[PDB]
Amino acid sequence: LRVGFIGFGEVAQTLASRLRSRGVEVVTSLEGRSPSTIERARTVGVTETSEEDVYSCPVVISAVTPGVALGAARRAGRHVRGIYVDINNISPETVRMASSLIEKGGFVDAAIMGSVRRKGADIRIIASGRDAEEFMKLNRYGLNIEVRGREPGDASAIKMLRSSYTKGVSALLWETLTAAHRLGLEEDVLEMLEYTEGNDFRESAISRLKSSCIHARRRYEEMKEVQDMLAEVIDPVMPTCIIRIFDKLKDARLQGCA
């Protein structure tokens, strides 16, 4: 059929390109969009149309910025009658609000579970909501979707919970290795760990260490979000310490000096 995209950045380009290569007609509205967006669209060769025509597609995918997710849902919510797929990196609470704005359509919470830069359209996408199985039918056109949870908010929650764990582990590794570094024992500690944490441990370990530091500010903000989502369900103990570690984080051994 036709799949319309709200926004046409990196995610929309990768996804649209794949769908197009499998015979799907992809459409987007370029009115008011930047030259970079207009160029990605023209590189892919998507159908240029009006906003309301985009909203008429049986599947509409919102791939804008986290800060624009609610506004896109509000503008689309007045017209979309098919399925509206929000694939933005937003919190479960924001997803539920976006869902309330889609008044006549079926809302699907999609969460990208990997790097679009490294995996392309083969990236694993999880989706939740009553209409998720309908979105998953796009797997016939080259996508890699899987249905998880039961309602909008669940897919984004799984992604947030996984990310929460991985950020906490990164913070723990940093504190552990800074102490090891003061004694000159970081390598020995890393080697004792590969004994019980796995074979490919040390590799991704150093990798996560470096990125946790480069993006300390961003990771800190992500942690405030996880603290809020967890509080709705439990009384969160770990985020507070993790945040303190990221607060501090503002040749891998060089990330350990202080």
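All residue numbers are counted from 1 along the displayed sequence.
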Notebook entry, point to check: According to the deposited model, is the average Cα temperature factor higher in 200 to 208 or in 40 to 48?
Noted result: 200 to 208
Check: Do the C-alpha atoms of 64 to 72 or of 25 to 33 have the higher average B factor in the entry?
Finding: 25 to 33
Check: Relative to the other modelled residues in the chain, which third contains the C-alpha temperature factor of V116: lowest, middle or highest?
Finding: highest
Check: Should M229 be placed in the lowest, middle or highest third of its chain by the C-alpha B factor in the entry?
Finding: highest
Notebook entry, point to check: Can you tell me which third, lowest, middle or highest, the CA B-factor of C57 falls into for its chain?
Noted result: middle
Item checked: Third of chain Cα B-factors occupied by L249 -> highest
